[PDB]
Chemist: 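Here's a structure for you.
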Amino acid sequence: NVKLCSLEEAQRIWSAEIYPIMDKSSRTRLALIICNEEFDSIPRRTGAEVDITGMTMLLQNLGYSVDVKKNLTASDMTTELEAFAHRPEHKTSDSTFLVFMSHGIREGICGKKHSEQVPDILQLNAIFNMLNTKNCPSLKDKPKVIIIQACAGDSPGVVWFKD
Amino acid sequence: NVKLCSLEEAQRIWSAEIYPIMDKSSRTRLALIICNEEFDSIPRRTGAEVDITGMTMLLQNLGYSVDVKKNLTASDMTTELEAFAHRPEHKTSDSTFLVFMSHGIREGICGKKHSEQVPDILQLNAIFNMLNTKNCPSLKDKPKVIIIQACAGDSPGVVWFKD
Amino acid sequence: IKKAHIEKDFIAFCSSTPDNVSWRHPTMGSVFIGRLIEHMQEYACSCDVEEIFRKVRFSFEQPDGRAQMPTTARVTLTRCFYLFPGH
Amino acid sequence: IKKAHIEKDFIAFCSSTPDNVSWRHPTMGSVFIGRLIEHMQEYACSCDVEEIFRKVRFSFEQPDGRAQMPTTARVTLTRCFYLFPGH
């Protein structure tokens, strides 16, 4: 589904300001999609399957082995992220993608059990921490792309004007 | 002090994915530098004058009228930012630069009276808010560049490894 | 022992600005995700991810109907990240 | 009345990553500021600000001595911002 970079296009791009790409035959690229659709106290995220399909197909076609996890608390998300960061395939990888899709608030991403009374939130800060050089040494010097589909609060994010 | 963009260079760059530049003769570009050097409870930021000089000269040579404010509390910084956002010159400007130079912590930029006991902090959130489309309508659709020289916490920001 | 940066080579791309809503059609999917796939499909061949993400942001420029503005956050990419699709 | 995005066309460039120190020589000035001036001086003519800022980040790549990593934050630039120095 992705337009291909031709040999003359890759040569045109290639100098020392580009992340090195590993040999196609030996590399083990990994990506993770966490998507919450069903919640304890928030309406079902209908249409999430369309998102899961599109992102999985795209990332696979970009060369990534894609793992999909569904309907998790912030704690389970944390465990999953910890397991993902420790995967030995990252050592023979050149990059990674992390996709989070859920309800969201200003504080962060909503776990399946989130409520205004009892918060269940994965912070953006925690995501970075779990994938940094200390906790994920295998991705040191390698691009880590984090994609988030969620609200960052409940404001429509607009201002009105006459003129 | 800035290498000039030649006529053939500007033509090479010029299509619809670039911020429009206003006519040199009619435009009134503004920039603001806030630099704290002297503090109530933190050691003097020696060498700050070198920073002030360099940034002022650079921004002037890029075409900006530069205002410099020194040794302010978070409240005074706020008032200054509010006054800056309301300046009518922005209507006949195409862009702006905001430079903040101070001691810093994770929460934000330190005012002159900051202490662990009594915090005096300008949040990054507040800076954006004061310069957004509601509070600074004259810079709607125009690039706003914020430059911060400060600590974002007290960690050296490193991890050690054997191999 | 040797020193290394604790945080480097990160980029985050969020569906909306802080405080603000992101939109999702009940059958068509999330607008940001749909827009992201389409731009990655078209531009991964010729643009680095930062450039692609900027192109996604441009597509939301006009605040028509259900307005939102995707944001790039906490960027420590030291080089350009090209996907080199096909390679 | 008409709608407009509350937050758009912003870029922030910070001297270090969250939690982390930035460095300043007592007579030579702040390293990030010095590095920023030098890169703006050289590259404003040919690179947009996002590209310049990435180049600044690259220069800190090796965590030699007093390590720090400048960060681009909260980016809603929808287009490339070229300074066009001289124009």
Side-chain angles (χ1 to χ4, degrees), chain A residues 15-17, chain B residues 1-14 18-19 21-22 24 27 29-35 47-68 93-101 143-150, chain C residues 50 75 77-80, chain D residues 11-16 22-25 27-62 64 66 68-73 75 77 79-87:
Chain A
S15 42
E17 297 236 278
Chain B
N1 64 339
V2 182
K3 266 193 242 259
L4 254 50
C5 178
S6 68
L7 210 100
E8 61 264 0
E9 270 174 85
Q11 221 108 92
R12 235 169 102 240
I13 291 153
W14 272 105
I18 296 151
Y19 281 115
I21 44 113
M22 271 175 188
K24 204 191 132 119
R27 74 178 184 233
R29 277 187 189 151
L30 250 44
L32 177 70
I33 296 167
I34 294 153
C35 180
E49 212 81 279
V50 183
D51 300 332
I52 289 164
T53 296
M55 287 309 290
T56 301
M57 297 290 104
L58 171 70
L59 290 167
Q60 282 191 344
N61 278 326
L62 291 163
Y64 298 83
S65 302
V66 184
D67 206 348
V68 181
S93 183
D94 50 21
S95 51
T96 198
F97 276 80
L98 278 307
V99 190
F100 301 92
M101 302 183 295
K144 300 158 282 278
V145 189
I146 293 161
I147 305 298
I148 295 153
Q149 163 63 40
Chain C
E50 285 207 61
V75 187
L77 300 181
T78 53
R79 285 169 221 217
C80 305
Chain D
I11 178 158
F13 195 22
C14 305
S15 44
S16 53
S22 304
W23 295 96
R24 174 188 31 86
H25 194 280
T27 59
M28 291 279 110
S30 305
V31 56
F32 164 76
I33 293 299
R35 216 64 73 74
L36 176 72
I37 288 150
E38 279 159 16
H39 286 78
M40 291 283 285
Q41 282 178 122
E42 177 140 77
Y43 295 108
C45 63
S46 66
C47 303
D48 65 80
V49 301
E50 285 207 61
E51 290 182 300
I52 300 165
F53 292 176
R54 192 201 47 74
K55 280 177 184 279
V56 176
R57 290 198 304 273
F58 183 71
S59 78
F60 284 92
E61 179 119 276
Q62 298 304 303
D64 286 306
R66 280 156 174 97
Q68 82 187 77
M69 183 39 63
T71 35
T72 308
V75 187
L77 300 181
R79 285 169 221 217
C80 305
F81 179 32
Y82 291 91
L83 266 326
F84 291 109
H87 288 96

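The sequence lines fix the lettering, A, B, ..., with proteins before strands; numbering per chain opens at 1. The analysis underlying the following values was restricted to heavy atoms, covering all of them including side chains, and did not include hydrogens, waters or symmetry mates.
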Chemist: Side chains of B:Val99 and B:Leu59: does their closest heavy-atom pair fall under 4.5 Å?
Modeler: yes
Chemist: Is a donor from one side chain sitting under 3.5 angstrom from an acceptor on the other, for B:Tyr64 and B:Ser93?
Modeler: no
Chemist: Please enumerate all residues that pass salt bridge (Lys or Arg N to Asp or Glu O under 4.0 Å) together with C:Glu50, with sequence neighbours excluded.
Modeler: D:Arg57
Chemist: Tell me if the aromatic rings of D:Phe32 and D:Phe60 count as close, with their centers under 6.0 Å from one another.
Modeler: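 Ring centroids of D:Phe32 and D:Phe60 are no less than 6.0 Å from each other.
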Chemist: Could you tell me which non-hydrogen atom of B:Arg29 sits nearest to which non-hydrogen atom of B:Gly63, and how far apart they are?
Modeler: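 The pair with the smallest heavy-atom distance is CB-O, 3.3 Å.
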Chemist: Kindly write out the residues that satisfy side-chain contact (heavy atoms from CB on, under 4.5 Å) with B:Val50, not counting sequence neighbours, or none if the list is empty.
Modeler: none
Chemist: Listed by chain and number, what are the side-chain contact (heavy atoms from CB on, under 4.5 Å) partners of C:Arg79, not counting sequence neighbours?
Modeler: A:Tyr19, D:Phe58, D:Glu61
Chemist: Can you classify the ring geometry of D:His87 versus D:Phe84 as parallel (below 30°), tilted (30 to 60°) or perpendicular (above 60°)?
Modeler: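 Answer is perpendicular, since the angle exceeds 60°.
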Chemist: With sequence neighbours excluded, what pairs up with D:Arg54 under the salt bridge (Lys or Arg N to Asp or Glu O under 4.0 Å) test?
Modeler: A:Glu17
Chemist: Going by the rule side-chain contact (heavy atoms from CB on, under 4.5 Å), which residues pair with B:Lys3 if we only count those two or more places apart in sequence or in a different chain?
Modeler: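 For B:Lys3 the side-chain contact (heavy atoms from CB on, under 4.5 Å) partners, ignoring immediate neighbours, are D:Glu42, D:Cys45.
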Chemist: Tell me the closest heavy-atom pair linking B:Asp94 and B:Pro143, and the distance in Å.
Modeler: O-CD, 3.3 Å
Chemist: Can you name the residues that form a salt bridge (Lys or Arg N to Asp or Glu O under 4.0 Å) with B:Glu49, not counting sequence neighbours?
Modeler: B:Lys70
